[PDB]
Amino acid sequence: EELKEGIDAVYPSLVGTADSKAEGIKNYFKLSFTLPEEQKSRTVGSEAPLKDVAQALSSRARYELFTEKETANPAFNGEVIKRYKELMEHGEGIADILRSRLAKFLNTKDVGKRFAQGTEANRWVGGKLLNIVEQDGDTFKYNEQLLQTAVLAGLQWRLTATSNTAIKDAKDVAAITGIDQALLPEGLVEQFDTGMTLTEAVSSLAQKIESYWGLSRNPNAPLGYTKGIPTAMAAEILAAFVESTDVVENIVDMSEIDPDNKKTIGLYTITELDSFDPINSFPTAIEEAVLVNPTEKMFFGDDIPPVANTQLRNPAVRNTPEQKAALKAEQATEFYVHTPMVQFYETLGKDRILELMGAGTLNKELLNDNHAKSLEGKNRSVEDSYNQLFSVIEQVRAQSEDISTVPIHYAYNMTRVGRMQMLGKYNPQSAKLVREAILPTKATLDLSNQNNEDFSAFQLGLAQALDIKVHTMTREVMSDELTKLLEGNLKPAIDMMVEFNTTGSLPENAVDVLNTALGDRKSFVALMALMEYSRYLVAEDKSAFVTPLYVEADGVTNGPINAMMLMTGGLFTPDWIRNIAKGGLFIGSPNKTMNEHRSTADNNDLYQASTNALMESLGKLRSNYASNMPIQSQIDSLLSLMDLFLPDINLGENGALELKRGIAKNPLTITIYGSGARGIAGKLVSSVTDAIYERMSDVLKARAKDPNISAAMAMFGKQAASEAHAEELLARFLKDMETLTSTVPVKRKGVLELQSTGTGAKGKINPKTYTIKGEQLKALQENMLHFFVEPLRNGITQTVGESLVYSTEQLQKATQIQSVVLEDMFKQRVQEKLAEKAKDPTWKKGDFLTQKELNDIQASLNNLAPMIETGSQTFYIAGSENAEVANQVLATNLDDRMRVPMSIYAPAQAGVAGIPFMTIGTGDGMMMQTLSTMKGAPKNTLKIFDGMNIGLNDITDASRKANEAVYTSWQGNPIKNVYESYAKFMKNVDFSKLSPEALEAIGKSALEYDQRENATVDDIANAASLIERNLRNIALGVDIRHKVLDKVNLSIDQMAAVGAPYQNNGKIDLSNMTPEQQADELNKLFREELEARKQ
DNA sequence: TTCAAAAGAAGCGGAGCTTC
Ligand SMILES: Nc1ncnc2c1ncn2[C@@H]1O[C@H](COP(=O)(O)OP(=O)(O)OP(=O)(O)O)[C@@H](O)[C@H]1O
Ligand SMILES: Nc1nc2c(ncn2[C@@H]2O[C@H](COP(=O)(O)O)[C@@H](O)[C@H]2O)c(=O)[nH]1
Ligand SMILES: [Mn+2]
Ligand SMILES: [Mn+2]
């Protein structure tokens, strides 16, 4: 332990003594960090990092010598070098701002003078940077090595941070803003997804700063300094970037968005560089210079990414050997630029891509205000994807002469839910624009004979890309549908693309040609199909046509089907057999495919089925209120309004209701995953309000090109067949909007009751400003809830099965109860340790605990089995990072602002997370992991969670392997996995030790509404104990069903399109039998197996 | 309570209560 003398040798002039027991000023930088045994950063020991690194970046020869490497990235050329010269100059500016800010801090309130006199300002939330200063006459100055190294981290962050930010959804923004998710204003989520919160910006900056400092954290130093010092530096750097206008700070006032909300929230946006800035072609030169092992970089050729040791953002969870093997396999795959698509994108140009695939140039006064907001976000996503792709292309272009011959690898990690996620915001897995330009799929096809198998595969790929639902029809029927499309509507587009593949030119009306030809089939993959078909047409050697066009084997209603197979625990029923067949589990039909099923047996998938069940429940609901005209009229008005604006719901002249599967897709999925009905009602209303906002733009538009237009024709012209027929729709819209906002249903002791809101919609419509706000949105939602969502939920249960709903309920309760205990005991053991740290004279409140202390607290919870293990995957449902444990500020900037809360890795309540964790995890998660590692694992694919892109040469075998992987995952038993963990928990939990709030939480899950109130510790214990028995019985049931199923002849085509089902070769033949006969036969096997064990 | 990542700001004082 001469570590102390080692770190002191490197920073001998930092102020204070490196001893926690010392009397005067103590230096918590030297106490917190040690020199690594193996160098991590090349700036350690450098007296002037900015000068030294700038020198390294000044030429290829110097860079190579600095990095001690023979060759540098070819993208590091003349123009790029000049740009880095300028950025290094800017680094000096950031350093200069930081020095002045420090000088100001020291002078204000005589802090520097007081610090010199011995007041421990270096332990204040705003003074932790005083641990990296040095005495300078009558004042203090930054240690230049630590300062300039941090600035280097700031520069790299500035260059690439936006490229690595998380995507924000409604849930995120609702949590950030404290505004109800259903009541979020238009474009608010968009504004927030665009910027970074304080925590978001500072934590990412702090991470980079600490890595560039290249030291190791002392396990026995308080986290208030190990995390606090680099966070304090990051806050100062962020503040300097605001001063320099590299970052824009926007403090969003929630009170203008909701008068009762008092939150004011900072949003930080990095000023984007020019799209044609040479630095975009190689934005990681600093990182690759400073770090011995850079995280941020592209991987070309045989430079292969390392395999992540721990689950993404769950450092307590190691990736299993099987998971690591899968990660390795996916990281081995070579991706290649498809030159024709890049050239097509380039020739169209960003502006026309936006016009075609985004919203083009917005005319802010031909658009409803809310609609305009939505359009901007649309443009944002496309434009960012476009810019990111071409930055990547510019770097690839430097690697060699032929850009299509440069292999590209991508890093992956395993997420909390067991999915293999490609790292990065804009990569082939996550961005559709990029997916069609950089592909691992490649094949050489013989297309000289349109009767070849190769041509059939080619056709399949084209058809799927052109939005023909290829899994619903046989290959032969598909072919005819594709042919008539190509020779019909698409022909003018194909002609244009033939020309492009000849001369390299597009007509000035290219966007109109594509838009008209494609219509609703328009997508990036559709453009690939047009490109590839036209390339085939002009190909000189059709016998050896090279194309990356792919076929996606995609899971049919994957999540719900997986849940039904994995977590249904009872006897077999005929309804389950029919419904599971909708997802590709065929019993007693050797070699049956999904294409055959859909075309000859059952054209309705699981979502359509639930939709038909919804119509039954809606009819049932009407009957119960048959004589109640106000209620009948209220229901009619809701269905009327949805019919006006939604595609998936249509009503006829006689009130005949017709619904499409699309309206049930999301609600069915999230219902299984524990979503409440109110959230679903909010999403449905949002779909409606979006469409009317859009239709309002149409008003503004049609009114512009014709002032004389009637409001009826201005709003419903496009949708009607006549003048008078249009005022009928307008009258409907007005009647519906009035009755749905002025009157709401409420459930009173089981019965539906209509009440006046007193806040009904009144006034002439102003198309530009028109906004459905607060009280009116809530009204629509309450109507949607009781008259649509609630019948839908009934239909959902009837479709997936009451038995599954029961299993998911037991799973949720068990994992929630366990997470509550983990969280509460963690917090208790923290506040215990803090109470004895108060006895320590060396300890100050704000220092918090050491890592070793937190490790010991975490390890103490091990007997409560926080981890769920399957044998090939590990799940940590309660795992999180929250500010609630420490409940204190970690650091501020030197202006007493940018107050970063102290966040700690700790268990938190699971809520309903247990359901999707296990279902996604042991379902599609396990399938993909199996697909990557199984014998004869498909090569050269791109896996996207429940779908897999396959090159045209291998569609048959890869699809059969995918269906085999499905069958393998269906041998899983996630309830048994949860049971094993929960039973260990039950053996060791002490419910009496829990805080009253924790006990209340558990009572919600373990007890009914009635017997909570005054429940004893013992009551809650017995109830938690009952859930264990429930899980045990479910688990045994699931295990039996899977064994019995494996005995029978099965054809599995859940990963559908190609028509290559996996056959399990079960010996018991259940062909020529109805589902009823099959169910009886399976139940005979079930009982017999149940006796094999009761013995 | 769907899941895949969290997440108010700022004066005064030197933590943490307070007000917007
Ligand atoms: N909004 C969501 N919330 C939670 N999980 C989701 C959500 N969307 C998709 N998933 C998960 O990803 C899976 C794949 O989604 P996908 O878009 O392929 O739809 P799907 O449910 O398979 O239906 P289909 O593919 O037949 O249209 C889902 O089954 C579900 O498990
Ligand atoms: N868990 C989860 N997965 C999603 C969600 N949205 C999309 N996905 C996954 O991402 C896929 C979308 O891929 P793409 O739409 O780019 O073709 C879906 O099929 C599904 O696997 C979501 O909200 N939650
Ligand atoms: Mn799917
Ligand atoms: Mn999919």
Side-chain angles (χ1 to χ4, degrees), chain A residues 108-109 111 114-115 119-128 165-178 180-181 192 195-204 249 251-255 259 261-268 311-314 413-421 430 559 666-680 683 808 812 816 844-846 875 877 879-884 887-889 892-893 895-906 908-921 923-925 945 1001 1004-1005:
Chain A
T108 310
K109 297 183 182 182
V111 166
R114 290 153 67 201
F115 182 47
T119 108
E120 298 187 85
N122 64 312
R123 305 181 79 177
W124 297 345
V125 286
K128 294 178 180 176
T165 52
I167 313 288
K168 292 188 186 71
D169 54 16
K171 148 136 294 179
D172 288 320
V173 176
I176 297 173
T177 62
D180 175 77
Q181 185 181 332
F192 274 74
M196 299 179 91
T197 62
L198 178 70
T199 296
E200 186 175 357
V202 171
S203 75
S204 61
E249 173 185 68
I251 303 295
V252 192
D253 193 351
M254 296 288 95
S255 70
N261 197 328
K262 296 183 169 188
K263 278 200 176 68
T264 59
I265 305 148
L267 280 185
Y268 300 89
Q311 202 173 83
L312 193 52
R313 294 154 210 130
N314 253 338
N413 203 353
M414 211 66 63
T415 68
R416 283 160 152 76
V417 298
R419 285 178 163 180
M420 285 180 295
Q421 179 151 122
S430 73
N666 186 245
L668 186 125
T669 306
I670 72 181
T671 289
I672 296 176
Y673 290 165
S675 172
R678 169 142 170 80
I680 296 178
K683 226 168 181 176
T808 62
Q812 184 276 330
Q816 165 70 349
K844 174 170 168 294
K845 199 181 182 187
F875 304 101
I877 298 176
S880 83
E881 176 156 30
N882 66 111
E884 272 60 52
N887 198 36
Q888 72 190 44
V889 173
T892 81
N893 69 26
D895 273 320
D896 193 41
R897 300 184 180 195
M898 297 185 175
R899 310 192 186 172
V900 183
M902 192 176 200
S903 245
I904 294 301
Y905 284 109
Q909 291 188 29
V912 304
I915 315 302
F917 266 58
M918 299 310 297
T919 303
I920 291 166
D924 70 67
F945 313 135
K1004 290 194 181 73
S1005 296

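Every chain is numbered from 1 and lettered A, B, ... according to where its sequence line falls, protein lines coming before strand lines. Reckoned from all heavy atoms, side chains included, excluding hydrogens, waters and symmetry mates.
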Sorted by chain and residue number, the salt bridge (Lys or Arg N to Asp or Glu O under 4.0 Å) partners of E120(A) (sequence neighbours excluded) come out as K26(A), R123(A)
Side chain of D172(A), base of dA7(B): donor and acceptor closer than 3.5 Å? yes
When the distance from CZ of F875(A) to P of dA4(B) is rounded to whole Å, what number comes out? 13 Å
Quick one: label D169(A) by what it contacts on the DNA or RNA (base, sugar-phosphate, nothing), any heavy atom closer than 4.0 Å. base
Nucleotide of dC3(B), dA6(B), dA7(B) approaching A883(A) most closely (side-chain heavy atoms): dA7(B)
For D253(A), the salt bridge (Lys or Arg N to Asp or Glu O under 4.0 Å) test, sequence neighbours excluded, returns none
In Å and rounded to the nearest 0.5 Å, what is the OG1 to CE distance from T165(A) to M196(A)? 6.0 Å
When all nucleic acid strands are considered with a 4.0 Å heavy-atom cut-off, which category describes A913(A): base, sugar-phosphate, or nothing? sugar-phosphate
To the side chain of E200(A), which of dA15(B), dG8(B), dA7(B) is closest? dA7(B)
Taking only N/O atoms, report every protein-nucleotides 11-13 of chain B pair under 3.5 Å with atom names and distance.
{"residue": "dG11(B)", "atom": "OP1", "partner": "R897(A)", "partner atom": "NH2", "Å": "2.9"}
{"residue": "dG11(B)", "atom": "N7", "partner": "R899(A)", "partner atom": "NH2", "Å": "2.8"}
{"residue": "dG11(B)", "atom": "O6", "partner": "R899(A)", "partner atom": "NH1", "Å": "2.8"}
{"residue": "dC12(B)", "atom": "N4", "partner": "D896(A)", "partner atom": "OD2", "Å": "2.8"}
{"residue": "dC12(B)", "atom": "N4", "partner": "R899(A)", "partner atom": "NH2", "Å": "3.2"}
{"residue": "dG13(B)", "atom": "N7", "partner": "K109(A)", "partner atom": "NZ", "Å": "2.9"}
{"residue": "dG13(B)", "atom": "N1", "partner": "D896(A)", "partner atom": "OD1", "Å": "3.2"}

Among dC3(B), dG14(B), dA5(B), the nucleotide that comes nearest once only the side chain of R114(A) is considered: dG14(B)
By nearest-nucleotide position on DNA chain B, the 5'-leaning member of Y268(A) and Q909(A) is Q909(A)
Any base atoms under 4.0 Å from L198(A), or only sugar-phosphate, or nothing? Heavy atoms, all strands. sugar-phosphate
Apply ring pair (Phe, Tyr, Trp, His ring centres under 6.0 Å) to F115(A) and list each qualifying residue two or more places apart in sequence or on a separate chain. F140(A)
When all nucleic acid strands are considered with a 4.0 Å heavy-atom cut-off, which category describes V417(A): base, sugar-phosphate, or nothing? sugar-phosphate
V252(A) and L267(A) have their tightest heavy-atom pair at CG2-CD1, 3.9 Å
With rounding to whole Å, what would you report as the distance between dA4(B) and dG8(B) at their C1' atoms? 26 Å
Against the side chain of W124(A), the closest entry in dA15(B), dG8(B), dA6(B) is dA15(B)
Hey, does the side chain of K171(A) come within less than 4.0 Å of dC3(B)'s phosphate (OP1/OP2), counting only N and O? yes
Let's see if you can work this out: which of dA4(B), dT1(B), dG8(B) has an atom nearest to the side-chain heavy atoms of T264(A)? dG8(B)
How close do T264(A) and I251(A) get, heavy atom to heavy atom, and via which atoms? CB-CG2, 3.9 Å
Please report the closest heavy-atom contact between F192(A) and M254(A), naming both atoms and the distance. CZ-CE, 4.1 Å
Within the 4.0 Å heavy-atom criterion, would you say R419(A) contacts the bases, only the backbone, or no part of the nucleic acid? nothing
Rounded interatomic separation in angstrom, taking NZ from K845(A) and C1' from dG14(B): 14 Å
Return the value, rounded to whole Å, for the distance between atom CG of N887(A) and atom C1' of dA15(B). 12 Å
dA6(B) on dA5(B): ring centroids within less than 5.5 Å and planes tilted under 30°: yes
Give the rounded distance in Å between these two atoms: NZ of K844(A) and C1' of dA15(B). 8 Å
When the distance from CD1 of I680(A) to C1' of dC3(B) is rounded to whole Å, what number comes out? 14 Å
Sign of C1'-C2'-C3'-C4' (positive north, negative south) puts the sugar of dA4(B) north
Taking the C1' atom in each of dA10(B) and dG14(B), what is the distance between them to the nearest angstrom? 15 Å
Heavy atoms from C-beta onward define the side chain here; which of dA7(B), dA9(B), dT2(B) lies closest to that of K683(A)? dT2(B)
Counting only side-chain heavy atoms from C-beta out, which of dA7(B), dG8(B), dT2(B) sits nearest to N882(A)? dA7(B)
Which of these nucleotides, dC20(B), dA7(B), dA4(B), is closest to any side-chain atom of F917(A)? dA4(B)
Counting the atoms with a prime plus P, OP1 and OP2 as sugar-phosphate, which does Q812(A) contact under 4.0 Å by heavy atoms, base, sugar-phosphate, or nothing? base
Using the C1' atom on both, measure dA9(B) against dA5(B) and round to a whole Å. 23 Å
Derivation and outcome, salt bridge (charged side-chain N to carboxylate O under 4.0 Å, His left out), residues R897(A) and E249(A): CA-CA 12 Å; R897(A) 300 184 180 195; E249(A) 173 185 68; over 6 Å; no
Using the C1' atom as the reference point in each nucleotide, state the distance between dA7(B) and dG11(B) in Å, no decimals. 23 Å
Nearest-Å distance once atom P is located in both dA6(B) and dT2(B): 14 Å
Regarding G266(A), tell me which of base, sugar-phosphate or nothing describes its non-hydrogen contacts under 4.0 Å with the strands shown. sugar-phosphate
DNA chain B nearest-nucleotide lookup for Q816(A) and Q888(A): closer to the 5′ end is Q816(A)
With a non-hydrogen cut-off below 4.0 angstrom, is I920(A) in contact with a base, only sugar-phosphate, or nothing? base
For the side chain of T199(A), counting heavy atoms from C-beta on, which of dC3(B), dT2(B), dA7(B) is nearest? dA7(B)
The criterion is salt bridge (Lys or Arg N to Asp or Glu O under 4.0 Å); which residues satisfy it with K683(A), sequence neighbours excluded? none
Residues forming a salt bridge (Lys or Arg N to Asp or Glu O under 4.0 Å) with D895(A), sequence neighbours excluded: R101(A)
Which whole number of Å gives the distance between the P atom of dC17(B) and that of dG13(B)? 16 Å
Give the nucleotide from the list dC3(B), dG16(B), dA10(B) with an atom nearest to the side chain of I251(A). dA10(B)
What is the distance, rounded to the nearest whole Å, between atom CG of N314(A) and atom P of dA5(B)? 9 Å
